[PDB]
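The structure under discussion appears below in the form of structure tokens.
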Amino acid sequence: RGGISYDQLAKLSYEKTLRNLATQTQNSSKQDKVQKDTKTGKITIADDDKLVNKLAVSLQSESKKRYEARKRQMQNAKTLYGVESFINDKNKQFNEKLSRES
Amino acid sequence: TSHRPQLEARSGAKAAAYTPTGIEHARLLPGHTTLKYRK
Amino acid sequence: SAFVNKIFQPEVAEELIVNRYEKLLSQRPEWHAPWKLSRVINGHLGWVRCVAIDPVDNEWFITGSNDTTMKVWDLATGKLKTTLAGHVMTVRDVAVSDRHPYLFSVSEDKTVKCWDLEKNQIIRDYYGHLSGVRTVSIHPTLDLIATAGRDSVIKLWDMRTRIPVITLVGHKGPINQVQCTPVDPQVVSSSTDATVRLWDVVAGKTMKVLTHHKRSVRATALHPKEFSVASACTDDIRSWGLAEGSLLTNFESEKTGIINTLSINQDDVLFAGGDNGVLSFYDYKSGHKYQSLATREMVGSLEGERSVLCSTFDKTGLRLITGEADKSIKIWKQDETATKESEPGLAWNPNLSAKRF
Amino acid sequence: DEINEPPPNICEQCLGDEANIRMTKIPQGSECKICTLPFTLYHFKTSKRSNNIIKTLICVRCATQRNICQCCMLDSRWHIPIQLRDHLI
Amino acid sequence: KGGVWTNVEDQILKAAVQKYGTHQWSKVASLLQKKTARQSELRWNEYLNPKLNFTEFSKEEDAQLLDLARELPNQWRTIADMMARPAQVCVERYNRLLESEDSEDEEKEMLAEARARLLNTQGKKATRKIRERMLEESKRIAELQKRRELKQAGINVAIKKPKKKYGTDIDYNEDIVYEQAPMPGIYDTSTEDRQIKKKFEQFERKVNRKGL
Amino acid sequence: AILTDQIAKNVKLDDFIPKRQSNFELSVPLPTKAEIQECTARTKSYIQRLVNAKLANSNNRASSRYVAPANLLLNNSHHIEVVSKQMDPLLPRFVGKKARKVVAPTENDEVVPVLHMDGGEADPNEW
Amino acid sequence: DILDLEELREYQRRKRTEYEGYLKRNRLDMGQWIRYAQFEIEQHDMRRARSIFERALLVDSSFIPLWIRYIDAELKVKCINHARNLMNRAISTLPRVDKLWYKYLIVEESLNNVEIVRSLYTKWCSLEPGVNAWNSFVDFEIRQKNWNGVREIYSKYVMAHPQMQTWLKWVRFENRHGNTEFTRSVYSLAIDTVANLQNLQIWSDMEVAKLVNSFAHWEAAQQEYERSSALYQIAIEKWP
Amino acid sequence: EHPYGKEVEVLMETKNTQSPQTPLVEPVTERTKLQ
Amino acid sequence: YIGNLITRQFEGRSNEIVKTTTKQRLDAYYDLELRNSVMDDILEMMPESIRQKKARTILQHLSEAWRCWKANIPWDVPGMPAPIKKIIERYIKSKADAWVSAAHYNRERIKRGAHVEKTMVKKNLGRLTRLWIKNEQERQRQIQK
Ligand SMILES: [Zn+2]
Ligand SMILES: [Zn+2]
């Protein structure tokens, strides 16, 4: 049991997004360079604007999905426990935090 | 609130970039102006 | 061997994990004689926080402490010579000058003080640190001192005129330890941002930032010969080569937990004082921990009191004055009539599991 | 660095035609027009018998970042104002 | 004059100890009328502490109590630490064990006041700050409405800036502040800056028409 | 292998590895006596010139007790004598000098690699 | 709600005075930095929004959620070349941290730049980071079907982590593909290196038994029992 | 009896053995004076 | 004096005012140095993943331990890690050595009549009555044992 370290958590997050990129290519397949300017020193990479848009969309979708999966957790945990005496929400979140200690 | 511990101390990085004033302190007046060297 | 280079054909032939490991087994560390306790001095009312030796003629050592007073102890007999009061908070570091009869002492009370040892009185007070000051180092042959502390800066003080001449601004946390070397880099400092800095004092900028430690670099120590510094974090001790800033060697400090102090000998013995009380002696040119001792606190005190807080060797190098949290000063003698036989120390056994080398 | 400071950036046409110019250095003279921070005010006259003192109005750091002289604040090459310089580029 | 303990005063004392701890009784007794700080300290340590056990003694504990009361005659605070019982329980049992050988509305008002006091945790400076913040928010909304109504009448009046409290006070809207540029990189972000400028100017063009 | 250098250039494997591990008898020499003197006389002269700056700029009269012209400009087209003005002893010297506060920007040209080792990382809930 | 641009300009002054006030009192509190940096993204001014993340990195550059959020802020606005510079400064500052390396990879995976993740992995496996990096680098070439390239990795992977679970992983690679000529070549290299490097004492007795048994049980499946039998004699004699 | 095992000398010092005005470094007096 | 006044008129006063330690604030500066030493030693015992939040909560066990010391209440937190409990008891005993020795030093000053502040006489009275009862309670336990 126990917790998962950050180097093991990062690999599992990297393994998970590779399966999201695998099925994204499978759902697409189901439906149907390097230039180095010598004067400036800058390196320009030419890439597809669709794959850059799909990168920007999927990060926003994962940002909203974790935002909504946490918002429902806020609305559920506020309306679970009311037995022990509280005063405000920061007291409830602290007295619940004492319960996970024991 | 308003009565807090320190999370970090005040650094001398901030006082180094300021402009000096050159005000004359009584304990910065000249005294013990000769050093003693060991044999 | 030659089988590895011909099959697993390398591009460097040193950067394999096996070729580095076979050169450690090819080499034997120098034997050193083990250490034993010879004298326990109980004289302070608080923790002994710093120890400095007399750099000339080696008669006495001085221990600043947690009861705001520095005491001067005779090295041979162990008797108390005098007490130097004049700080109002804990004396954190004490430095005695070899070219001067001057004693420099910093404390948590934001004060850096000088002491005329021909008079035993405070002269020549220093002002300007925003918080408590943690370390002193006297520059060899420049007539400066270097003080540093919780302000993340190093103030270089002219002795004679008492002026904060040079302030070195590069750190991100409180500076735990500072050193002074005669050539560039003239100031070596360590702080809680896990960095060791090599300072160019004329430009006021860092020559090299040593970001190899993981946690707060609590202690450094200059080697009296062979021109190197060793810094100790909470798990690793690393010897550093000055004028290049090169990692010389990576010691065998495993599960020692917060090294509080370091002191390096003429005979290439590095002391590593830990907070757990476990004090360990290493080969400086190798990193081999050849001895690991534990101390006995007192008749009655807490289990946290078993902790080494400060240490120096004497000028002869055959004695180790450690001050501990149990209000004691323990002197450690390297025992004679021990040989390479019947006192081998711990066995030289480097491993592949630990990635230190 | 207060003991190691750059020489001032002044135009050739501020200095004028004469060879040797007696210039007066005041180590913390006026404050800069741009950064409002003090500097070494240099001031001089073209000839000995002139009637207009030519002061350095900005510090050498503001003069280097714009590449202008300190006196007339025109560009060191091309001798044009900054607003017209950044428009031509 | 010495009152008795009703069940309303006990539950205020439980809720106050649960609020204030046990090392400030003049603050606990201020919620309770008719009780001194010494009386509420003693009522907790004798009756209302949940560490105290008000249970019947076992057959061993009866014989162990008779054994102590001859060892320590008669030292009932000392015996009660040995027994880990309250001391009045140890005495009243010991007398029974030697007899074995035989031959609303003011309370509701103070409860409402205590209920209001326990549920207010802020202080003067915090409460004063809340009132001041509400006032500032109302003042801005009023000024914005005043500007909108004058904009309906054609007169355009600009929003006033908050005046400088000190000399080098900063207007954050005028200038990007202590700007730190992204470190120069080898990847030539040149067209990205054009697209971001075009989208930003498009955004500020949409604000002047649709509002937000 | 189209951009082999342009990833993480400032960090190499040689910076991690120690140097005494290949030979314990590697000589790291102490600074020579001619070399400590070339650095002492450069450092002592720099600091004495700093102390003379603080003692001259202070308004105490008893600090002179305890203590460059004809420069080229415009690629030496004008030889310019630099002189000092005789200051009025009653007007405040250093008229641009005020007690003001400045925030300083950071000059971050090169990233410093934080050269930790890899990873004895298993831990229960004891902490 | 905000009507025109002047009401927006007064709205932005009030929040930026507020957030810069709490950051002046608290240089620390990295969560307060990100909420003000996220505010500037909502105002569509990315020049300001880059500045708060740069100022917050000058306080604590070792804080990993600050690096990931500023990288994601550059990716969500499609500034891909601003992200390539930023992740380059992420891995050049903190090369130990695995998250910052996997962040560079899955973005270039998402852009189908297979030659940039390959150049990235060659650098990352040169700094000897650990077995999570190599195992994701041999899994990368299986995706790309580069069979000759992944065989070059295990040549280097056994030299970076000399241990049988890296050698036996390489024979689990070869016996997955059934190439008999390549598998016994790896088997011959694995058992010679234990013999060649016997004196270094880096493989234990239980560890060398896994190599001899997996060599023999493979030779039993290859119908050559006389090679299965003879190696037991050389191993027992070679190691008694 | 006493800890550390009789090879170690334990000493408790509560009073100074020098005068406070005793110089810890002897002053360098080269020329002999008769004044 | 007047030179400091006129230059403070023309230039303003300096922003780098560092306050020296004094009798007025020595109890304030002692705790700032005491809290930093405890916060250092715990952060170095930590394996990983400790932030400004977790360093903020652990320093309240330092304050609670010193209130338990002055109350002569045994400070025992259930579930406290044994290295970190060892650190706090090392520094509560360190603060106690200063607190008790200041009560001995100031008591000898009040008897001599040698310039004790009116607040410190009430403070030295309040210290000794905790030291007397702590010596009283300890004497009670030696009879009970
Ligand atoms: Zn300027
Ligand atoms: Zn000009």
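Just so we're on the same page: first chain in the structure tokens is A, next is B, and so on; residues restart at 1 for each chain, and ligands are numbered from 1 in the order they show up.
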
Handout entry: Protein and nucleic acid residues within 10 Å of ligand 1 (only C-alpha atoms and all ligand atoms) as a ChimeraX atom specification
Key = /D:31-39,57-65,70

Please identify all protein, DNA and RNA residues within 7 Å of ligand 2, counting only C-alpha atoms and all ligand atoms, and report them as a short mmCIF file (atom, residue, chain, number, x, y, z; two decimals) with N, CA, C and O atoms, in the first residue's frame.
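This is the output file part.cif:
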data_model
loop_
_atom_site.label_atom_id
_atom_site.label_comp_id
_atom_site.auth_asym_id
_atom_site.auth_seq_id
_atom_site.Cartn_x
_atom_site.Cartn_y
_atom_site.Cartn_z
N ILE D 10 28.77 61.32 -25.29
CA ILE D 10 28.38 62.63 -25.79
C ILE D 10 28.61 62.63 -27.29
O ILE D 10 29.49 61.93 -27.80
N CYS D 11 27.78 63.39 -28.03
CA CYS D 11 27.93 63.50 -29.47
C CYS D 11 29.19 64.28 -29.83
O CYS D 11 29.81 64.95 -29.01
N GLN D 13 28.82 66.62 -32.24
CA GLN D 13 28.26 67.94 -32.50
C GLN D 13 27.81 68.66 -31.24
O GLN D 13 27.52 69.86 -31.30
N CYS D 14 27.72 67.97 -30.10
CA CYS D 14 27.61 68.67 -28.83
C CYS D 14 28.95 69.25 -28.41
O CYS D 14 29.02 70.39 -27.96
N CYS D 69 23.37 60.14 -26.93
CA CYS D 69 24.30 60.88 -26.10
C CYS D 69 23.57 61.39 -24.88
O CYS D 69 22.34 61.40 -24.81
N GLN D 70 24.34 61.83 -23.90
CA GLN D 70 23.72 62.32 -22.68
C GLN D 70 23.25 63.76 -22.81
O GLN D 70 22.33 64.16 -22.09
N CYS D 71 23.85 64.54 -23.70
CA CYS D 71 23.54 65.96 -23.78
C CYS D 71 22.31 66.24 -24.65
O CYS D 71 21.30 66.74 -24.14
N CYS D 72 22.37 65.92 -25.94
CA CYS D 72 21.23 66.25 -26.80
C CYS D 72 20.28 65.08 -26.99
O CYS D 72 19.22 65.27 -27.60
N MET D 73 20.64 63.89 -26.50
CA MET D 73 19.82 62.67 -26.54
C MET D 73 19.42 62.26 -27.95
O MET D 73 18.39 61.61 -28.15
N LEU D 74 20.23 62.61 -28.93
CA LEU D 74 20.10 62.07 -30.27
C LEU D 74 20.94 60.81 -30.37
O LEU D 74 21.85 60.59 -29.58
#

Handout entry: stretch 56-97 of chain I: residues DSSP assigns to helix (DSSP H, G or I), reported as a PyMOL selection string
Key = chain I and resi 56-70+82-97

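One distance worth recording is that between atom CA of residue C:225 and atom CA of residue C:285, which is 11.7 Å.
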
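Distances from A:93, A:99, A:24, A:79 to chain G were compared using only C-alpha atoms, and the smallest one belongs to A:24.
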
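Atom CA of residue C:153 is found 23.7 Å from atom CA of residue C:102.
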
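By only C-alpha atoms, and with residues fewer than 2 positions from stretch 159-163 of chain G along its chain excluded, the set lying at most 9 Å from it is residues 8, 16, 17, 18 and 352 of chain C; 125, 128, 130, 131, 154, 155, 156, 157, 165, 166, 167, 168, 202, 203 and 207 of chain G.
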
Completion exercise
Min atom-atom distance to residue B:24 from the set I:8, I:67, I:115, I:109, counting only C-alpha atoms, belongs to I:8

Practice task
Could you list the residues in chain I lying within 10 Å of chain G, using only C-alpha atoms, and format the result as number ranges by chain?
Solution key: I: 51-53
